[PDB]
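entry_16.pdb (PDB, C-alpha atoms and all ligand atoms) appears below.
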ATOM      1  CA  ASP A   1      17.465   1.050   9.506  1.00  0.00           C
ATOM      2  CA  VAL A   2      18.613  -1.956   7.467  1.00  0.00           C
ATOM      3  CA  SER A   3      14.987  -2.994   6.769  1.00  0.00           C
ATOM      4  CA  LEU A   4      14.679   0.037   4.464  1.00  0.00           C
ATOM      5  CA  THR A   5      16.362  -1.228   1.297  1.00  0.00           C
ATOM      6  CA  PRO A   6      16.542   0.359  -2.187  1.00  0.00           C
ATOM      7  CA  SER A   7      14.045  -2.254  -3.489  1.00  0.00           C
ATOM      8  CA  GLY A   8      11.535  -2.072  -0.636  1.00  0.00           C
ATOM      9  CA  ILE A   9      10.727  -2.524   3.014  1.00  0.00           C
ATOM     10  CA  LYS A  10      11.729  -5.810   4.618  1.00  0.00           C
ATOM     11  CA  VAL A  11       8.914  -6.932   6.935  1.00  0.00           C
ATOM     12  CA  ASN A  12      10.408 -10.275   7.997  1.00  0.00           C
ATOM     13  CA  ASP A  13      12.405 -13.197   6.526  1.00  0.00           C
ATOM     14  CA  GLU A  14       9.593 -14.059   4.090  1.00  0.00           C
ATOM     15  CA  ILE A  15       7.898 -10.719   3.321  1.00  0.00           C
ATOM     16  CA  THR A  16       9.211  -7.666   1.490  1.00  0.00           C
ATOM     17  CA  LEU A  17       7.075  -4.703   0.441  1.00  0.00           C
ATOM     18  CA  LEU A  18       8.432  -3.797  -2.978  1.00  0.00           C
ATOM     19  CA  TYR A  19       8.509  -0.361  -4.531  1.00  0.00           C
ATOM     20  CA  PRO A  20       6.592  -0.627  -7.819  1.00  0.00           C
ATOM     21  CA  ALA A  21       8.566  -1.149 -11.022  1.00  0.00           C
ATOM     22  CA  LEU A  22       7.573  -2.131 -14.565  1.00  0.00           C
ATOM     23  CA  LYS A  23       9.344  -5.479 -14.199  1.00  0.00           C
ATOM     24  CA  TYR A  24       6.479  -6.605 -11.947  1.00  0.00           C
ATOM     25  CA  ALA A  25       3.711  -5.966 -14.517  1.00  0.00           C
ATOM     26  CA  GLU A  26       3.440  -9.502 -15.862  1.00  0.00           C
ATOM     27  CA  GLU A  27       3.395 -11.290 -12.508  1.00  0.00           C
ATOM     28  CA  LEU A  28       0.968  -8.745 -11.035  1.00  0.00           C
ATOM     29  CA  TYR A  29      -1.378  -9.071 -14.006  1.00  0.00           C
ATOM     30  CA  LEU A  30      -1.383 -12.874 -13.845  1.00  0.00           C
ATOM     31  CA  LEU A  31      -2.103 -12.776 -10.120  1.00  0.00           C
ATOM     32  CA  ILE A  32      -5.064 -10.416 -10.567  1.00  0.00           C
ATOM     33  CA  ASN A  33      -6.335 -12.530 -13.454  1.00  0.00           C
ATOM     34  CA  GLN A  34      -6.206 -15.708 -11.334  1.00  0.00           C
ATOM     35  CA  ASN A  35      -8.255 -13.974  -8.619  1.00  0.00           C
ATOM     36  CA  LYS A  36     -10.600 -11.822 -10.706  1.00  0.00           C
ATOM     37  CA  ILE A  37     -13.885 -13.615 -10.025  1.00  0.00           C
ATOM     38  CA  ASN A  38     -13.391 -13.555  -6.242  1.00  0.00           C
ATOM     39  CA  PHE A  39     -11.875 -10.051  -6.156  1.00  0.00           C
ATOM     40  CA  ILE A  40     -14.835  -8.511  -8.003  1.00  0.00           C
ATOM     41  CA  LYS A  41     -16.980  -9.382  -4.955  1.00  0.00           C
ATOM     42  CA  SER A  42     -15.105  -6.863  -2.778  1.00  0.00           C
ATOM     43  CA  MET A  43     -13.314  -4.349  -5.057  1.00  0.00           C
ATOM     44  CA  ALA A  44     -14.451  -2.221  -8.038  1.00  0.00           C
ATOM     45  CA  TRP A  45     -11.317  -2.210 -10.233  1.00  0.00           C
ATOM     46  CA  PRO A  46     -10.639  -5.942 -10.884  1.00  0.00           C
ATOM     47  CA  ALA A  47     -13.613  -6.166 -13.279  1.00  0.00           C
ATOM     48  CA  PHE A  48     -11.665  -3.972 -15.723  1.00  0.00           C
ATOM     49  CA  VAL A  49      -8.228  -5.632 -15.556  1.00  0.00           C
ATOM     50  CA  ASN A  50      -8.302  -7.360 -18.928  1.00  0.00           C
ATOM     51  CA  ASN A  51      -4.758  -7.244 -20.238  1.00  0.00           C
ATOM     52  CA  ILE A  52      -1.185  -6.811 -19.001  1.00  0.00           C
ATOM     53  CA  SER A  53      -1.367  -3.225 -20.364  1.00  0.00           C
ATOM     54  CA  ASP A  54      -3.839  -2.448 -17.564  1.00  0.00           C
ATOM     55  CA  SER A  55      -1.250  -3.553 -14.992  1.00  0.00           C
ATOM     56  CA  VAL A  56       1.451  -1.527 -16.777  1.00  0.00           C
ATOM     57  CA  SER A  57      -0.764   1.572 -16.552  1.00  0.00           C
ATOM     58  CA  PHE A  58      -1.449   0.908 -12.867  1.00  0.00           C
ATOM     59  CA  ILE A  59       2.282   0.597 -12.161  1.00  0.00           C
ATOM     60  CA  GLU A  60       3.026   3.813 -14.087  1.00  0.00           C
ATOM     61  CA  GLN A  61       0.419   5.769 -12.116  1.00  0.00           C
ATOM     62  CA  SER A  62       1.520   4.184  -8.811  1.00  0.00           C
ATOM     63  CA  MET A  63       5.127   5.249  -9.464  1.00  0.00           C
ATOM     64  CA  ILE A  64       4.028   8.832 -10.132  1.00  0.00           C
ATOM     65  CA  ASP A  65       1.931   8.938  -6.958  1.00  0.00           C
ATOM     66  CA  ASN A  66       4.743   7.366  -4.896  1.00  0.00           C
ATOM     67  CA  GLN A  67       7.289   9.883  -6.251  1.00  0.00           C
ATOM     68  CA  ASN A  68       5.059  12.757  -5.160  1.00  0.00           C
ATOM     69  CA  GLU A  69       3.934  11.185  -1.866  1.00  0.00           C
ATOM     70  CA  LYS A  70       0.274  11.295  -2.940  1.00  0.00           C
ATOM     71  CA  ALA A  71       0.159   7.584  -2.083  1.00  0.00           C
ATOM     72  CA  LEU A  72       2.388   4.712  -1.052  1.00  0.00           C
ATOM     73  CA  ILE A  73       1.703   1.714  -3.277  1.00  0.00           C
ATOM     74  CA  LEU A  74       3.713  -1.417  -2.451  1.00  0.00           C
ATOM     75  CA  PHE A  75       3.766  -4.886  -3.980  1.00  0.00           C
ATOM     76  CA  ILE A  76       3.860  -7.642  -1.388  1.00  0.00           C
ATOM     77  CA  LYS A  77       6.518 -10.267  -2.055  1.00  0.00           C
ATOM     78  CA  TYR A  78       6.082 -13.491  -0.097  1.00  0.00           C
ATOM     79  CA  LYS A  79       8.993 -15.884  -0.568  1.00  0.00           C
ATOM     80  CA  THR A  80       9.645 -15.715  -4.348  1.00  0.00           C
ATOM     81  CA  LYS A  81       6.193 -14.510  -5.430  1.00  0.00           C
ATOM     82  CA  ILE A  82       4.160 -11.348  -5.631  1.00  0.00           C
ATOM     83  CA  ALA A  83       1.292 -12.035  -3.212  1.00  0.00           C
ATOM     84  CA  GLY A  84      -0.748  -8.838  -3.528  1.00  0.00           C
ATOM     85  CA  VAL A  85      -0.665  -5.132  -2.757  1.00  0.00           C
ATOM     86  CA  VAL A  86      -0.607  -3.036   0.411  1.00  0.00           C
ATOM     87  CA  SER A  87      -0.941   0.721   0.240  1.00  0.00           C
ATOM     88  CA  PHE A  88      -1.486   4.093   1.681  1.00  0.00           C
ATOM     89  CA  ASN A  89      -4.032   4.872  -1.032  1.00  0.00           C
ATOM     90  CA  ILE A  90      -4.235   8.464   0.228  1.00  0.00           C
ATOM     91  CA  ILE A  91      -1.599  10.345   2.212  1.00  0.00           C
ATOM     92  CA  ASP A  92      -2.887  13.559   3.788  1.00  0.00           C
ATOM     93  CA  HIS A  93       0.314  15.286   4.881  1.00  0.00           C
ATOM     94  CA  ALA A  94      -1.427  18.378   6.276  1.00  0.00           C
ATOM     95  CA  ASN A  95      -3.352  16.191   8.731  1.00  0.00           C
ATOM     96  CA  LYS A  96      -0.660  13.495   9.047  1.00  0.00           C
ATOM     97  CA  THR A  97      -3.216  10.847   8.034  1.00  0.00           C
ATOM     98  CA  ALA A  98      -2.839   7.755   5.830  1.00  0.00           C
ATOM     99  CA  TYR A  99      -5.693   5.659   4.409  1.00  0.00           C
ATOM    100  CA  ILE A 100      -4.782   1.991   3.984  1.00  0.00           C
ATOM    101  CA  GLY A 101      -5.766  -0.546   1.318  1.00  0.00           C
ATOM    102  CA  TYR A 102      -4.783  -4.161   0.662  1.00  0.00           C
ATOM    103  CA  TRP A 103      -5.413  -7.371  -1.210  1.00  0.00           C
ATOM    104  CA  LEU A 104      -3.934 -10.871  -1.405  1.00  0.00           C
ATOM    105  CA  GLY A 105      -4.272 -13.658  -3.936  1.00  0.00           C
ATOM    106  CA  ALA A 106      -6.272 -16.613  -2.599  1.00  0.00           C
ATOM    107  CA  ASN A 107      -3.139 -18.772  -2.321  1.00  0.00           C
ATOM    108  CA  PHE A 108      -1.575 -16.146  -0.038  1.00  0.00           C
ATOM    109  CA  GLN A 109      -4.495 -15.658   2.368  1.00  0.00           C
ATOM    110  CA  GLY A 110      -4.489 -17.158   5.872  1.00  0.00           C
ATOM    111  CA  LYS A 111      -0.780 -16.486   6.433  1.00  0.00           C
ATOM    112  CA  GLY A 112      -0.877 -13.160   8.322  1.00  0.00           C
ATOM    113  CA  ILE A 113       0.845 -11.448   5.422  1.00  0.00           C
ATOM    114  CA  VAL A 114      -1.246  -8.250   5.355  1.00  0.00           C
ATOM    115  CA  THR A 115      -1.347  -7.957   9.162  1.00  0.00           C
ATOM    116  CA  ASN A 116       2.458  -8.222   9.241  1.00  0.00           C
ATOM    117  CA  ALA A 117       2.776  -5.694   6.387  1.00  0.00           C
ATOM    118  CA  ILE A 118       0.473  -3.156   8.071  1.00  0.00           C
ATOM    119  CA  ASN A 119       2.218  -3.502  11.430  1.00  0.00           C
ATOM    120  CA  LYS A 120       5.558  -2.794   9.701  1.00  0.00           C
ATOM    121  CA  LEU A 121       4.207   0.266   7.878  1.00  0.00           C
ATOM    122  CA  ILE A 122       2.740   1.685  11.080  1.00  0.00           C
ATOM    123  CA  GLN A 123       6.052   1.163  12.884  1.00  0.00           C
ATOM    124  CA  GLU A 124       7.989   2.866  10.084  1.00  0.00           C
ATOM    125  CA  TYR A 125       5.652   5.819   9.417  1.00  0.00           C
ATOM    126  CA  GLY A 126       3.973   6.111  12.822  1.00  0.00           C
ATOM    127  CA  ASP A 127       6.794   5.699  15.329  1.00  0.00           C
ATOM    128  CA  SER A 128       8.836   8.131  13.196  1.00  0.00           C
ATOM    129  CA  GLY A 129       6.146  10.850  13.436  1.00  0.00           C
ATOM    130  CA  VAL A 130       5.360  11.108   9.708  1.00  0.00           C
ATOM    131  CA  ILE A 131       1.806   9.799  10.168  1.00  0.00           C
ATOM    132  CA  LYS A 132      -0.258  10.342  13.317  1.00  0.00           C
ATOM    133  CA  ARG A 133      -3.505   8.715  12.176  1.00  0.00           C
ATOM    134  CA  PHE A 134      -3.900   5.505  10.167  1.00  0.00           C
ATOM    135  CA  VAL A 135      -7.314   4.684   8.718  1.00  0.00           C
ATOM    136  CA  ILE A 136      -8.917   1.547   7.338  1.00  0.00           C
ATOM    137  CA  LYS A 137     -12.340   1.912   5.691  1.00  0.00           C
ATOM    138  CA  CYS A 138     -14.029  -1.262   4.484  1.00  0.00           C
ATOM    139  CA  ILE A 139     -17.485  -2.488   3.566  1.00  0.00           C
ATOM    140  CA  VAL A 140     -19.374  -3.715   6.636  1.00  0.00           C
ATOM    141  CA  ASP A 141     -19.930  -7.228   5.210  1.00  0.00           C
ATOM    142  CA  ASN A 142     -16.292  -7.737   4.139  1.00  0.00           C
ATOM    143  CA  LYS A 143     -15.538 -10.288   6.853  1.00  0.00           C
ATOM    144  CA  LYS A 144     -11.821 -10.766   6.212  1.00  0.00           C
ATOM    145  CA  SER A 145     -11.024  -7.068   5.814  1.00  0.00           C
ATOM    146  CA  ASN A 146     -12.797  -6.197   9.070  1.00  0.00           C
ATOM    147  CA  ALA A 147     -10.914  -8.999  10.826  1.00  0.00           C
ATOM    148  CA  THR A 148      -7.587  -7.660   9.495  1.00  0.00           C
ATOM    149  CA  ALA A 149      -8.324  -4.147  10.776  1.00  0.00           C
ATOM    150  CA  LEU A 150      -9.057  -5.503  14.270  1.00  0.00           C
ATOM    151  CA  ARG A 151      -6.051  -7.890  14.190  1.00  0.00           C
ATOM    152  CA  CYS A 152      -3.836  -4.840  13.535  1.00  0.00           C
ATOM    153  CA  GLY A 153      -5.135  -3.115  16.680  1.00  0.00           C
ATOM    154  CA  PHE A 154      -7.402  -0.576  14.955  1.00  0.00           C
ATOM    155  CA  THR A 155     -10.478   0.803  16.741  1.00  0.00           C
ATOM    156  CA  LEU A 156     -13.910   1.107  15.126  1.00  0.00           C
ATOM    157  CA  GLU A 157     -14.943   4.782  14.967  1.00  0.00           C
ATOM    158  CA  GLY A 158     -18.300   4.370  13.218  1.00  0.00           C
ATOM    159  CA  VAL A 159     -20.259   3.389  10.146  1.00  0.00           C
ATOM    160  CA  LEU A 160     -20.121   5.499   7.003  1.00  0.00           C
ATOM    161  CA  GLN A 161     -23.539   5.164   5.370  1.00  0.00           C
ATOM    162  CA  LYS A 162     -23.586   4.188   1.675  1.00  0.00           C
ATOM    163  CA  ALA A 163     -19.955   5.207   1.267  1.00  0.00           C
ATOM    164  CA  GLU A 164     -18.545   2.627  -1.164  1.00  0.00           C
ATOM    165  CA  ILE A 165     -20.001   1.739  -4.561  1.00  0.00           C
ATOM    166  CA  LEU A 166     -19.477  -1.610  -6.245  1.00  0.00           C
ATOM    167  CA  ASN A 167     -21.260  -2.168  -9.535  1.00  0.00           C
ATOM    168  CA  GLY A 168     -23.699   0.707  -9.063  1.00  0.00           C
ATOM    169  CA  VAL A 169     -24.707  -0.270  -5.518  1.00  0.00           C
ATOM    170  CA  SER A 170     -23.687   1.791  -2.462  1.00  0.00           C
ATOM    171  CA  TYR A 171     -22.554  -0.114   0.660  1.00  0.00           C
ATOM    172  CA  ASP A 172     -21.939   0.998   4.235  1.00  0.00           C
ATOM    173  CA  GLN A 173     -18.338   1.062   5.460  1.00  0.00           C
ATOM    174  CA  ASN A 174     -16.820   0.562   8.859  1.00  0.00           C
ATOM    175  CA  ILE A 175     -14.167   3.193   9.568  1.00  0.00           C
ATOM    176  CA  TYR A 176     -11.299   2.127  11.832  1.00  0.00           C
ATOM    177  CA  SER A 177      -8.310   4.076  13.083  1.00  0.00           C
ATOM    178  CA  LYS A 178      -4.983   3.582  14.782  1.00  0.00           C
ATOM    179  CA  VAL A 179      -3.557   6.761  16.277  1.00  0.00           C
ATOM    180  CA  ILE A 180       0.040   7.247  17.412  1.00  0.00           C
TER     181      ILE A 180
HETATM  182  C1  LIG B   1      -9.258  -1.467   3.370  1.00  0.00           C
HETATM  183  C2  LIG B   1      -9.453  -2.296   2.137  1.00  0.00           C
HETATM  184  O1  LIG B   1      -8.512  -2.425   1.344  1.00  0.00           O
HETATM  185  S1  LIG B   1     -10.963  -3.026   1.891  1.00  0.00           S
HETATM  186  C3  LIG B   1     -10.612  -4.191   0.605  1.00  0.00           C
HETATM  187  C4  LIG B   1      -9.806  -5.345   1.200  1.00  0.00           C
HETATM  188  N1  LIG B   1      -9.480  -6.310   0.161  1.00  0.00           N
HETATM  189  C5  LIG B   1     -10.275  -7.286  -0.273  1.00  0.00           C
HETATM  190  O2  LIG B   1     -11.398  -7.456   0.181  1.00  0.00           O
HETATM  191  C6  LIG B   1      -9.729  -8.183  -1.358  1.00  0.00           C
HETATM  192  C7  LIG B   1     -10.130  -9.635  -1.109  1.00  0.00           C
HETATM  193  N2  LIG B   1      -9.609 -10.130   0.167  1.00  0.00           N
HETATM  194  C8  LIG B   1      -8.335 -10.264   0.525  1.00  0.00           C
HETATM  195  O3  LIG B   1      -7.425  -9.926  -0.219  1.00  0.00           O
HETATM  196  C9  LIG B   1      -8.045 -10.850   1.885  1.00  0.00           C
HETATM  197  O4  LIG B   1      -9.201 -11.519   2.388  1.00  0.00           O
HETATM  198  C10 LIG B   1      -7.573  -9.826   2.924  1.00  0.00           C
HETATM  199  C11 LIG B   1      -6.271  -9.155   2.487  1.00  0.00           C
HETATM  200  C12 LIG B   1      -8.659  -8.780   3.191  1.00  0.00           C
HETATM  201  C13 LIG B   1      -7.296 -10.566   4.229  1.00  0.00           C
HETATM  202  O5  LIG B   1      -6.305 -11.579   4.025  1.00  0.00           O
HETATM  203  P1  LIG B   1      -5.766 -12.432   5.259  1.00  0.00           P
HETATM  204  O6  LIG B   1      -4.825 -13.480   4.757  1.00  0.00           O
HETATM  205  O7  LIG B   1      -6.918 -12.855   6.112  1.00  0.00           O
HETATM  206  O8  LIG B   1      -4.954 -11.267   6.018  1.00  0.00           O
HETATM  207  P2  LIG B   1      -4.129 -11.269   7.404  1.00  0.00           P
HETATM  208  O9  LIG B   1      -2.726 -10.855   7.089  1.00  0.00           O
HETATM  209  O10 LIG B   1      -4.913 -10.442   8.389  1.00  0.00           O
HETATM  210  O11 LIG B   1      -4.124 -12.818   7.855  1.00  0.00           O
HETATM  211  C14 LIG B   1      -5.002 -13.300   8.860  1.00  0.00           C
HETATM  212  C15 LIG B   1      -5.173 -14.803   8.692  1.00  0.00           C
HETATM  213  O12 LIG B   1      -3.906 -15.471   8.708  1.00  0.00           O
HETATM  214  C16 LIG B   1      -3.800 -16.372   9.840  1.00  0.00           C
HETATM  215  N3  LIG B   1      -2.372 -16.278  10.226  1.00  0.00           N
HETATM  216  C17 LIG B   1      -1.460 -17.201   9.883  1.00  0.00           C
HETATM  217  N4  LIG B   1      -0.233 -16.800  10.266  1.00  0.00           N
HETATM  218  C18 LIG B   1      -0.389 -15.593  10.846  1.00  0.00           C
HETATM  219  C19 LIG B   1       0.511 -14.712  11.420  1.00  0.00           C
HETATM  220  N5  LIG B   1       1.820 -15.038  11.460  1.00  0.00           N
HETATM  221  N6  LIG B   1       0.058 -13.545  11.931  1.00  0.00           N
HETATM  222  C20 LIG B   1      -1.250 -13.241  11.882  1.00  0.00           C
HETATM  223  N7  LIG B   1      -2.154 -14.069  11.322  1.00  0.00           N
HETATM  224  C21 LIG B   1      -1.737 -15.254  10.809  1.00  0.00           C
HETATM  225  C22 LIG B   1      -4.876 -15.878  10.776  1.00  0.00           C
HETATM  226  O13 LIG B   1      -5.310 -16.931  11.631  1.00  0.00           O
HETATM  227  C23 LIG B   1      -5.966 -15.429   9.819  1.00  0.00           C
HETATM  228  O14 LIG B   1      -6.608 -16.567   9.218  1.00  0.00           O
HETATM  229  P3  LIG B   1      -8.197 -16.859   9.294  1.00  0.00           P
HETATM  230  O15 LIG B   1      -8.874 -15.888   8.356  1.00  0.00           O
HETATM  231  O16 LIG B   1      -8.320 -18.303   8.877  1.00  0.00           O
HETATM  232  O17 LIG B   1      -8.560 -16.602  10.736  1.00  0.00           O
HETATM  233  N1  LIG B   2      -5.499  -1.716 -10.866  1.00  0.00           N
HETATM  234  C1  LIG B   2      -5.006  -2.223  -9.720  1.00  0.00           C
HETATM  235  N2  LIG B   2      -4.103  -3.223  -9.700  1.00  0.00           N
HETATM  236  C2  LIG B   2      -3.626  -3.722  -8.543  1.00  0.00           C
HETATM  237  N3  LIG B   2      -3.978  -3.272  -7.328  1.00  0.00           N
HETATM  238  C3  LIG B   2      -4.867  -2.269  -7.230  1.00  0.00           C
HETATM  239  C4  LIG B   2      -5.443  -1.676  -8.432  1.00  0.00           C
HETATM  240  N4  LIG B   2      -6.287  -0.712  -8.043  1.00  0.00           N
HETATM  241  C5  LIG B   2      -6.254  -0.681  -6.696  1.00  0.00           C
HETATM  242  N5  LIG B   2      -5.409  -1.611  -6.218  1.00  0.00           N
HETATM  243  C6  LIG B   2      -5.115  -1.883  -4.802  1.00  0.00           C
HETATM  244  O1  LIG B   2      -6.225  -2.557  -4.215  1.00  0.00           O
HETATM  245  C7  LIG B   2      -6.181  -2.335  -2.799  1.00  0.00           C
HETATM  246  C8  LIG B   2      -7.577  -2.068  -2.261  1.00  0.00           C
HETATM  247  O2  LIG B   2      -8.063  -0.836  -2.768  1.00  0.00           O
HETATM  248  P1  LIG B   2      -9.655  -0.667  -2.981  1.00  0.00           P
HETATM  249  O3  LIG B   2     -10.010  -1.461  -4.203  1.00  0.00           O
HETATM  250  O4  LIG B   2      -9.765   0.835  -3.126  1.00  0.00           O
HETATM  251  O5  LIG B   2     -10.341  -1.149  -1.709  1.00  0.00           O
HETATM  252  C9  LIG B   2      -5.180  -1.208  -2.561  1.00  0.00           C
HETATM  253  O6  LIG B   2      -4.012  -1.822  -2.013  1.00  0.00           O
HETATM  254  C10 LIG B   2      -4.931  -0.644  -3.947  1.00  0.00           C
HETATM  255  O7  LIG B   2      -3.628  -0.080  -4.113  1.00  0.00           O
END

Encoding of this model in structure tokens:
Amino acid sequence: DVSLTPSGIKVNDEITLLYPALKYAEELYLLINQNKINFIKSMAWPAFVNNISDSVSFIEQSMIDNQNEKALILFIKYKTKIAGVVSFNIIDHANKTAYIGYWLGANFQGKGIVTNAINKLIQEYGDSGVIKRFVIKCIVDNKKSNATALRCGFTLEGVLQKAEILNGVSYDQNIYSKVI
């Protein structure tokens, strides 16, 4: 499979999902910083990304988790730029289940980049038999994340009451799945 390269997973001519490396710390930090105000509305970690050292630490932890297959953290490259992150935030090997997360900088939204990335990951891990069940959980009022889950052919399984906390407030999540 020529799409599986040493540097990452080639989605299409414009998108590669890069394995994390320290060389990406600066670009990743700057991207988060540019998007911090908007990102804080939907995620709980951007509020605390205050220096490049925070991105370095994130990369270091991501590399450890990737090595040990606790997670699969990938940096989305669109054309020449890091565009965001797509991940299996949790890999449950015993139950062949992966829980998916994602974000894109504002300048990278509206281009199908995450939908294309997720479809590629599900092909690679799902059609190979590594993962049987893919899961997306997202806050009920997160319009774009819900739309992405549906665009990727996931099915709504239910609502998880008060399951995600942002800034001390618990929000309901939709839970979606795609089963191979
Ligand atoms: C499970 C979780 O991680 S929950 C937390 C999710 N993350 C966040 O909330 C962080 C903040 N938000 C974001 O980063 C973004 O809004 C995201 C990642 C959730 C969604 O980004 P999008 O760019 O909408 O992702 P996606 O890859 O699905 O693209 C769909 C959009 O691209 C358009 N599009 C353009 N080209 C294509 C294409 N080739 N294929 C598919 N869609 C395309 C679609 O029409 C749609 O645009 P619209 O919203 O105007 O209808
Ligand atoms: N400190 C961080 N820097 C960059 N991306 C992150 C960080 N923490 C989480 N993410 C990613 O954010 C996405 C959404 O996760 P969550 O915030 O849990 O909804 C996932 O792709 C995570 O890997």

field: Selection: 6 Å around stretch 147-159 of chain A, all atoms listed in the file, excl. self and same-chain fewer than 2 positions, as a list in words
entry: residues 115, 144, 145, 173, 174, 175, 176, 177 and 178 of chain A

query: Skipping near chain neighbours, those fewer than 2 positions away, what residues fall within 9 Å of residue A:22 using only C-alpha atoms, listed as a count of residues only?
result: 8

Around all of stretch 166-176 of chain A's listed atoms, make the axis-aligned box with 4 Å on each side and tell me centre and edge lengths in Å to one decimal, as JSON.
{"center_x": -18.0, "center_y": 0.5, "center_z": 1.1, "size_x": 21.4, "size_y": 13.4, "size_z": 29.4}

Selected residue of minimal separation from ligand LIG 2 (chain B) among A:170, A:61, A:68, A:119, counting all atoms listed in the file: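 Once distances to ligand LIG 2 (chain B) are computed over all atoms listed in the file, the minimum belongs to A:61.
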
message: Residue by residue, what does the PyMOL selection byres (((not hetatm)) within 7 of (chain B and resi 1)) grab here? Present the result as a ChimeraX atom specification.
response: /A:39,42-43,100-105,108-116,136-139,142,144-145,147-148,151

message: Quick check on the file I pasted: which residues fall under the PyMOL selection byres (((chain A and resi 29) around 12) and not hetatm)? Write them as JSON, numbers by chain.
response: {"A": [22, 23, 24, 25, 26, 27, 28, 30, 31, 32, 33, 34, 35, 36, 46, 48, 49, 50, 51, 52, 53, 54, 55, 56, 57, 58, 59, 82, 83, 84, 85, 105]}

field: residue A:130 environment, 12 Å, all atoms listed in the file, sequence neighbours closer than 6 positions dropped, as a ChimeraX atom specification
entry: /A:69,91-98,121-124,179-180

- request: Report the residues retrieved by the PyMOL selection byres (((chain A and resi 4) around 12) and not hetatm) from the displayed file, expressed as a list in words.
  value: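 Given this file, the PyMOL selection byres (((chain A and resi 4) around 12) and not hetatm) evaluates to residues 1, 2, 3, 5, 6, 7, 8, 9, 10, 11, 12, 16, 17, 18, 19, 120, 121, 124 and 125 of chain A.
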
task: Find the residue from A:67, A:141, A:62, A:87 that sits nearest to ligand LIG 2 (chain B); use all atoms listed in the file when measuring.
output: A:87

- request: Have a look at atom CA of residue A:90 and atom CA of residue A:76 and let me know their distance in Å, one decimal.
  value: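 Calculated distance between atom CA of residue A:90 and atom CA of residue A:76 is 18.1 Å.
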
query: Between A:66, A:80, A:128, A:89, which one has atoms that come closest to ligand LIG 2 (chain B), using all atoms listed in the file?
result: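 Going through A:66, A:80, A:128, A:89 one by one, the smallest distance to ligand LIG 2 (chain B) is for A:89.
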
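The closest residue to ligand LIG 2 (chain B), picked from A:77, A:21, A:40, A:131 and counting all atoms listed in the file, is A:40.
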
field: Between atom CA of residue A:44 and atom CA of residue A:166 - distance in Å to one decimal
entry: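 Computing the Euclidean distance for atom CA of residue A:166 and atom CA of residue A:44 yields 5.4 Å.
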
- request: Identify which of the residues A:47, A:14, A:86, A:171 lies closest to ligand LIG 2 (chain B), counting only C-alpha atoms and all ligand atoms when measuring atom-to-atom distances.
  value: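 Closest residue, counting only C-alpha atoms and all ligand atoms: A:86.
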
- prompt: Interatomic distance between atom CA of residue A:41 and atom CA of residue A:167?
  reply: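 Atom-to-atom, atom CA of residue A:41 and atom CA of residue A:167 are spaced 9.6 Å apart.
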
message: Calculated over all atoms listed in the file, which of the candidates A:88, A:160, A:135, A:38 has the smallest distance to ligand LIG 2 (chain B)?
response: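 So, comparing all the options, the nearest one is A:88.
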